[PDB]
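As structure tokens, one chain now follows by itself in the form deposited in one PDB entry.
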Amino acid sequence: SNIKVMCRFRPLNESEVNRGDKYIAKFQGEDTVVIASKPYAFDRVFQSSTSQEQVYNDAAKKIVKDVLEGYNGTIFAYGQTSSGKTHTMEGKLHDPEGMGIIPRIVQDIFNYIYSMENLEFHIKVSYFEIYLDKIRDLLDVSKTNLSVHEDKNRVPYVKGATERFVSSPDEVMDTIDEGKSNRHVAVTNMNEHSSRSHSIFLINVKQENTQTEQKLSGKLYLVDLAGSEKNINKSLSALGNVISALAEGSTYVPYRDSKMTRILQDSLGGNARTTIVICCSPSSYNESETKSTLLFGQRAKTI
């Protein structure tokens, strides 16, 4: 921590306008939003017309550089259903202007790599979903209840999760498209299922300098969380407890409160780099969920 929080408001959608909703967010400077006369400050606040490129530049581009220096990292999208999480994390996957964080990260990683001579790179990706605290491999639909374990050096791993070596951004994008298709298997209503489950995309960048033999490894987890809007989702409550513990400098961090936070243990907090993008509707209709989303983001404020 090493945890940054950035708030992204989207425009009102046509359904909110058809209902007669009002735009209730006000902005001060670049880092504060006011709701019902209360200010909420973050590392950055994105207004409703912020482009995909600006969001990537502020939220993710530095973390990509760090992963290529051998750090681990995580980027989360958090917020109520329809607040813009998937538009932020994925966008229009193949459109140069509309693409989201994930395809831009893939582009930058490979462009950086192409720009290196004595360095040798190995890139691996995995893609899974957490639904009801159960891990399902999006690259192998026969693997639906995977367990979390620790290795001998104590690094977490998902036992038996598919790993795919990739050598081009199009290979990565093809892998994401395959996972999105496989996600439909044994699922009645995809849209509802997606809003109630977490998708986790892992990119593992390993490198060795062949003339000095130094090796570096970095893992970047990209997480599109379930809707935060009767219980709080178990992964989300675990995530809040972990962020709050890190924010107060606690020696003990309760990663074991969920499978998701156990998986991310070496890529969330400590020496790892993290950005949480909280996504919000500006609608008067969603005011109390927006308040709750902003309060979740303030968990990261260091005390």
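A residue's number is simply how far along the shown sequence it sits, counting from 1. For clarity, a rigid core is taken as the largest C-alpha set superposing within 1.5 Å between two forms.
The entry models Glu90 and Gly91 with no unmodelled deposited residue separating them. Going from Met116 to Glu117, you skip over 1 to 3 residues of the deposited sequence that the entry leaves unmodelled.
In this entry, the higher average B-factor at the C-alpha atoms falls on 212-220, of the pair 212-220 and 177-185. As recorded in the PDB entry, 31-39 is the stretch of 270-278 and 31-39 with the greater mean C-alpha temperature factor. For the set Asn241, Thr261, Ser250, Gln52, the PDB entry assigns the largest Cα B-factor to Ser250. If you compare the C-alpha temperature factors of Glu171, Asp108, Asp137, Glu150 in the entry, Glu150 comes out highest. In the deposited entry, the Cα temperature factor of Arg19 sits in the top third of values across the chain's modelled residues. Ranked by C-alpha B-factor against the other modelled residues of its chain, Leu146 falls in the middle third.
Looking at the C-alpha B-factors along this chain, the one for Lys301 belongs to the highest third.
Ranked within its chain, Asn204 lands in the middle third, by CA B factor from the PDB record. In this PDB entry, the Cα temperature factor of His198 sits in the bottom third of its chain's modelled residues, the lowest group.
There is also a form deposited in another entry; it is not shown, and the following applies to it.
Rigid-core fit between this form and the one not shown: of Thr162, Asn182, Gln207, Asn204, the one residue whose Cα shifts 2 angstroms or more is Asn182. Once the rigid core is overlaid between this form and the one not shown, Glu150 does not reach a Cα shift of 2 Å, moving by less than that.
Relative to the superposed rigid core, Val141 undergoes a CA displacement smaller than 2 Å between this form and the one not shown.
Comparing the forms between this form and the one not shown, the C-alpha position of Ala25 differs by less than 2 angstroms, with the core used for superposition.
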